[PDB]
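As a starting point, one isolated chain is supplied in structure tokens, in the form deposited in one PDB entry.
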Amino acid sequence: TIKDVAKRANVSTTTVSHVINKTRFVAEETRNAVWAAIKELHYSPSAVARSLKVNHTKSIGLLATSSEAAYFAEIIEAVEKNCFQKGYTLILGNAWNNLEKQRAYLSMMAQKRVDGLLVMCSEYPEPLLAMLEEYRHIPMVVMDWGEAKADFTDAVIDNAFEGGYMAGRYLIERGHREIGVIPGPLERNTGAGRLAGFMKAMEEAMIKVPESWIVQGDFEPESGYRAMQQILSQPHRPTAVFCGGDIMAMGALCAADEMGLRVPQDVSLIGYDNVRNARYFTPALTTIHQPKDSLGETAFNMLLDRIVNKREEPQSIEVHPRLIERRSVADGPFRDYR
């Protein structure tokens, strides 16, 4: 088809090319003629032909976990923004935390020869770790670790620990001493990390959280429900609860409200993520806000760097969470005694 244009415009295709990419000077008329032909033939040059020659497809692969989850969703849209903004195309793939699915996705990506890879798999067993290395040749950045687990990738790090710590303290400083927690999967950073940060703050306070008061969630609203329910279901109940993520949090609000418990008057609840619509939770949710957009953009940027500036040494950028006060938290019994 490029031959077709050339022919119409009676010039070599080489010409057609250069004019199409202003890659060397071309006589006005000549230029015009080509643009003309280009238009009548209704010409769209093949990127694949081009990619074949130039050796990069101007496309990036996002090997994600799930894309419906608010948290996820939000990050993704960000990344997309950035890609578009710099001419990259997004290939979205969800491995659902399934090795086989992930091996598959990975392979198609290499095959389609994505310029770089954005990795957000949530959990990282050695088998997953291993696979990834097999493709160290393709530039990648993991956006979901607590610290850098490998030498062959870039990494953006969220400080989940300090975020949890922030959550504990607030509660502490607000009058609370009987607290409970519903964490996300321990096999994840946003799970374990948050918990542990939250647990340090407690030890520092000589606060002991009885095990009947800690209940694992899976970042899903339903899990949030069940936990809150198992917590308030007990003889002795905490006066405040720290919930690992806003959506399970939202799940937690439901239950309370269902047993006729009051928020925050009967229970204060503090979340984690500051998801786009947390403010509209009821009550408006107080939570730790995670920089999702920066989290996206920042990742894209390291990728581009390696890609263009051909860096080879893995890097790692940290990002920081921060408390957002809404109305799901109330003074605790010890506020006055501080």
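The term rigid core refers to the most C-alpha atoms you can superpose between the two forms while keeping them within 1.5 Å. Note that residue numbering follows the sequence shown and begins at 1.
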Per the entry, higher mean C-alpha B factor between 83-91 and 172-180:
83-91
Mean temperature factor over C-alpha atoms, higher-scoring stretch between 69-77 and 139-147
139-147
For the CA B factor values reported in this entry, which option in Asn98, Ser268, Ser223, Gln111 has the top one?
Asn98
Out of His42, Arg279, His289, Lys53, which one has a C-alpha B factor higher than all the others in the entry?
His42
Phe152 - Cα temperature factor, lowest/middle/highest third of chain
highest
Ranking the modelled residues of this chain by C-alpha B-factor as given in the entry, is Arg262 in the lowest, middle or highest third?
middle
Lowest, middle or highest third: which one holds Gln315 when the chain's residues are ordered by CA B-factor from the entry?
highest
Taking only the Cα B-factors deposited for this chain, tell me whether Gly193 sits in the lowest, middle or highest third.
lowest
What third of the chain, by the recorded C-alpha B-factor, contains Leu232?
highest
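This protein has a second form, the form deposited in another entry, left out of what is shown; the following refers to that one.
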Quick one: with the rigid core lined up, which of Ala110, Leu261, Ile214, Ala205 moves its CA 2 Å or more between this form and the one not shown?
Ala110
Once the two forms are fit on the core, has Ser67 moved its CA by at least 2 Å between this form and the one not shown?
yes
For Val308, decide whether the Cα shift between this form and the one not shown is 2 Å or greater, given a superposition on the rigid core.
yes
Hey, does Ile231 budge by 2 Å or more at the Cα between this form and the one not shown once the core is superposed?
no
